[PDB]
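J.: The structure's right below; bear with me while I get my questions together.
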Amino acid sequence: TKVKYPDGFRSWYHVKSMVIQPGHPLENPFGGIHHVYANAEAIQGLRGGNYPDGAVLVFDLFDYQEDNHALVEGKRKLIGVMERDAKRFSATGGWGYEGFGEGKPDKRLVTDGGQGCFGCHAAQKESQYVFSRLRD
Amino acid sequence: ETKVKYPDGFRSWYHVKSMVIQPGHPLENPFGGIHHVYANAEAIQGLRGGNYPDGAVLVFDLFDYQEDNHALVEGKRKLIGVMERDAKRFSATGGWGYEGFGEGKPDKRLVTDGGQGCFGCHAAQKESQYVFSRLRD
Ligand code: HEC
Ligand code: HEC
Ligand SMILES: [Zn+2]
Ligand SMILES: [Zn+2]
């Protein structure tokens, strides 16, 4: 009941991006440029289906540098992961939540079974706890 | 056989990188906004350090953004820029054909000069085969 590191996530479908700048409520620890990636099974849930077991969403978070009014991606700070499994992750609404420091498999960030992540994502109960929407 | 194809299905390609260009930056006009770069399989071979096969396509996808409480949030697509690799067909602009599609729409072709204006700037990157983007992790 550990969330698996999502190997190969960089090849997945890019859902959307967003920039969180200093002063935003989510600045700690989610400040920077982030990109949302979805594997094939996650796309089915985003498209209006049910999320099948095995669906994975990744929040990929980079630092950035402001250089002459351009924001340039720097280093990866972390990834956030949601893995769908209605049985194994029932305590947190059927998604398992993990963070990986710097995107590395050995740097697990979550220490409370994913309850803190869950507490905020629960506001999106109506949409299977996922905030991101497909855009074209 | 000098027209760049609209790159259908580009949104499911590999996302290379992103950048934000804000007011004040030298390129705000016309490339202001949040942009994402996508590459098909052939372009990845070229980005990786391999050579670019004919048929390689790189997409610059440009969105306006809105400021919302210390967040920049994606707004409407302004345009896509497309580079399509064909050493013989597009030899006049370095082996890449350049096109722009207004709001990403296949009917809104933007380029009127055979790609010369696009090529004039990308020519600065002769040494990486006219491509500014670099792979990252
Ligand atoms: C509110 C205080 C949050 C906490 C705590 C966590 N997340 Fe989150 N998450 C939040 C928002 C507002 C968004 C949308 C960002 C956007 O670009 O729209 C997200 C997104 C994710 C995603 C992408 C899928 C989605 O739901 O949109 C993942 C994979 C994700 N979050 C994981 C995650 C983990 C593992 C957390 C605890 C370490 C966690 N989130 C906390 C808001 C909040
Ligand atoms: C300088 C004045 C430019 C002109 C005119 C054009 N482009 Fe460009 N392009 C420029 C830069 C600095 C970058 C990199 C952006 C980044 O995030 O690093 C780009 C990128 C592209 C790409 C992505 C591939 C790459 O070379 O990195 C495409 C497909 C591309 N540009 C197409 C394009 C077209 C079709 C143009 C005329 C309509 C065009 N570019 C003009 C700088 C400049
Ligand atoms: Zn403020
Ligand atoms: Zn600035």
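J.: Tabulate in residue order the Karplus-calculated ³J(HN,Hα) for region B:42-50, using 6.51 cos²θ - 1.76 cosθ + 1.60 with θ = phi - 60°, rounded to whole Hz; enter x for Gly and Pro.
T.: With the stated coefficients, region B:42-50 comes to 4, 5, 5, 4, x, 5, 6, x, x Hz.
J.: Compute the Cα gyration tensor for region B:2-137, then decide on rounded, prolate or oblate, letting a ≥ b ≥ c be the square roots of its eigenvalues: rounded whenever a/c is under 1.5, prolate when a/b is larger than b/c in the other cases, and oblate in all that remain.
T.: On the way: a/c = 1.67, a/b = 1.45, b/c = 1.15.
Cα axes put region B:2-137 in the prolate bin.
J.: With θ set to phi - 60°, apply the Karplus curve 6.51 cos²θ - 1.76 cosθ + 1.60 along region A:88-99 and write out the HN-Hα couplings as whole Hz, x wherever there is a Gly or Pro.
T.: Those phi angles translate into 5, 10, 4, 4, 10, x, x, 10, x, 10, 9, x Hz.
J.: Looking at the square roots a ≥ b ≥ c of the eigenvalues of the Cα gyration tensor of region A:66-136, which shape do they give, rounded for a/c under 1.5, prolate if a/b is larger than b/c, or oblate?
T.: Details: a/c = 2.63, a/b = 1.50, b/c = 1.76.
The shape class here is oblate.
J.: Pull up all non-local amide H partners of A:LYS77: gap of 5 or more, or a different chain, and H-to-H distance under 5 Å with H placed in the peptide plane.
T.: A:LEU61, A:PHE62, A:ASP63
J.: Let me have the 222 nm mean residue ellipticity of chain B computed from DSSP H runs of 4+ only, each contributing -39500 (n - 2.57), with the sum over all residues rounded to the nearest 500. If you can, show how the numbers build up before the last one.
T.: Working: 3 runs with 19 residues, N = 137.
Taking each H run of at least 4 residues, the total per residue is -3500 deg cm²/dmol.
J.: Report ³J(HN,Hα) in whole Hz for each residue of region B:68-84, in order, from the Karplus equation J = 6.51 cos²θ - 1.76 cosθ + 1.60 where θ = phi - 60°; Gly and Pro get x.
T.: 9, 6, 6, 10, 9, 10, 5, x, 8, 5, 8, 5, 10, x, 10, 10, 10
J.: Decide, for the protein assembly as shown, between rounded, prolate and oblate: order the square roots of the alpha carbon gyration tensor eigenvalues as a ≥ b ≥ c, take rounded if a/c falls under 1.5, and otherwise choose prolate if a/b is larger than b/c, else oblate. Don't skip to the end; give the middle numbers.
T.: Details: a/c = 2.08, a/b = 1.79, b/c = 1.16.
The shape class here is prolate.
J.: State to the nearest 20 debye the size of the charge dipole of the protein assembly as shown about its Cα centre, where the only charges are +1 on K and R beta carbons and -1 on D and E beta carbons. List each step's numbers first, then the result.
T.: On the way: 34 positive and 35 negative charges, 106 e Å.
The dipole magnitude comes to about 520 debye.
J.: Hey, another quick one. Amide H neighbours of A:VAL110 under 5 Å, at least 5 residues apart or on other chains, H built in the peptide plane: list them.
T.: Here the answer is A:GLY99, since their amide H atoms fall under 5 Å of that of A:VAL110.
J.: Below 8 Å between Cα atoms, with a sequence gap of 6+, how large is the relative contact order for chain A in percent? List each step's numbers first, then the result.
T.: Working: 255 pairs, mean separation 25.8, N = 136.
Averaging sequence separation for qualifying contacts and normalising by length gives 19 percent for chain A.
Positions of Cβ are generated from backbone atoms using ideal geometry, with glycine treated the same way; all protein chains shown enter the neighbour counts. A short reminder: the numbers here are calculations on the coordinates, not readings from a lab.
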